[PDB]
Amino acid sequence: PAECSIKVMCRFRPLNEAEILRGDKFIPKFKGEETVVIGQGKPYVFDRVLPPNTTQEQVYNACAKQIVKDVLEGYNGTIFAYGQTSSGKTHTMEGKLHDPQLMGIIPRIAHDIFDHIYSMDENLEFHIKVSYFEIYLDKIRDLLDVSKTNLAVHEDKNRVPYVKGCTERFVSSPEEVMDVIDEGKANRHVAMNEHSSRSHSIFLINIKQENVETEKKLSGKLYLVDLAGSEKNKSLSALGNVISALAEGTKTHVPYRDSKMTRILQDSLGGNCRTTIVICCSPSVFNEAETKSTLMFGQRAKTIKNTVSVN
């Protein structure tokens, strides 16, 4: 039965040069470990607040660590990064893919996943399939086979959407999860900045396990989405409307089908999935306007209740 809240974490980048040279004072104010205040305004509260100075490692421990242990326990997970362009979504989700200090969530999840698996007992054998694809103008494009540029969404026995005909790499080590991502990153350059900022890159890790003697199986999808600019569109709207029709709930029946993304994330947004959104904000007043709508989107998101089961 379970019933639990979409966690929501807030990560502010620091000021970059454009700003620091142009002056720019640091607008946001951090009280305790869960609350931020902008100027004289109302104070926002989230599951965590994560200033510029917090490390990748600590961002991981705060937002992701737990979602990993959920997937190994048979639950679906999903983390994603919402926010405006330049706000630090990719740094949080990916980071310097190969630096152990500067590496983001996906590589860390990769390592954490296999440290757990390696330590487990000989029976219960794991298969892990990953896939990597982006979205551009309501169209899915495979990052492991750039031949495929228009995959369709379908539904399983439980009437829940998945992407079909998606290349699948099989992995037995963190290092392979890395080369898969690197493949994808390369494939992209069969084209680019403007492109990336306005594509949604979705990285999917499917983990199936089976206790061999007892023959009982657990399973979970783990979506790790790096969303596009939510600034002032198409795909984010559906998500927002799909994230608006739920602070109230009741009889609304969310559009979901407004976009493929939402259709894929159906289960993440009011289904059998532990979901944790990371919202990324600039600390500059230049950007204040968007920072607030971001925060709105966040604050709203925390109201939603995922009903989750072991799968």
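Sequential numbering from 1, following the sequence displayed.
Legend entry - Between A191 and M192 - deposited residues without coordinates, as a size class: Just 1 to 3 residues are missing between them.
Legend entry - Chain break class at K232/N233 - deposited residues not modelled: Per the deposited record, the segment joining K232 and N233 lacks coordinates for 10 or more residues.
Legend entry - Stretch with the higher entry mean CA B-factor, where the candidates are 223-231 and 237-245: Taking the mean B-factor of the alpha carbons in each, 237-245 is higher.
Inset, instruction - Using the B-factors recorded in the PDB entry, average over the C-alpha atoms of 154-162 and of 199-207, then report which stretch comes out higher. - result: Higher mean C-alpha B-factor: 154-162.
Inset, instruction - Compare the CA B factors listed in the entry for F30, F46, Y256, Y60 and report the winner. - result: Of the options given, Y256 has the highest CA B-factor in the PDB entry.
Inset, instruction - Name the one of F114, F133, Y136, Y82 with the greatest CA B-factor according to the PDB entry. - result: Most elevated C-alpha B-factor of the set, per the entry: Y136.
Inset, instruction - Going by the recorded CA B-factors, say which third of the chain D99 sits in, lowest, middle or highest. - result: CA B-factor rank for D99: middle third.
Inset, instruction - State the tercile, meaning the lowest, middle or highest third, of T262 with respect to the CA B-factors recorded for its chain. - result: Middle third - that is where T262 ends up once the chain's C-alpha B-factors are sorted.
Inset, instruction - Can you work out whether the C-alpha temperature factor of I6 puts it in the lowest, middle or highest third of the chain? - result: Middle third - that is where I6 ends up once the chain's C-alpha B-factors are sorted.
Legend entry - Where the record places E215 (Cα B-factor, split into thirds across the chain): Answer is highest: the recorded C-alpha B-factor places it there.
Inset, instruction - Relative to the other modelled residues of the same chain, rank the CA B-factor of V278 and answer lowest, middle or highest third. - result: Lowest third of the chain for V278's C-alpha B-factor.
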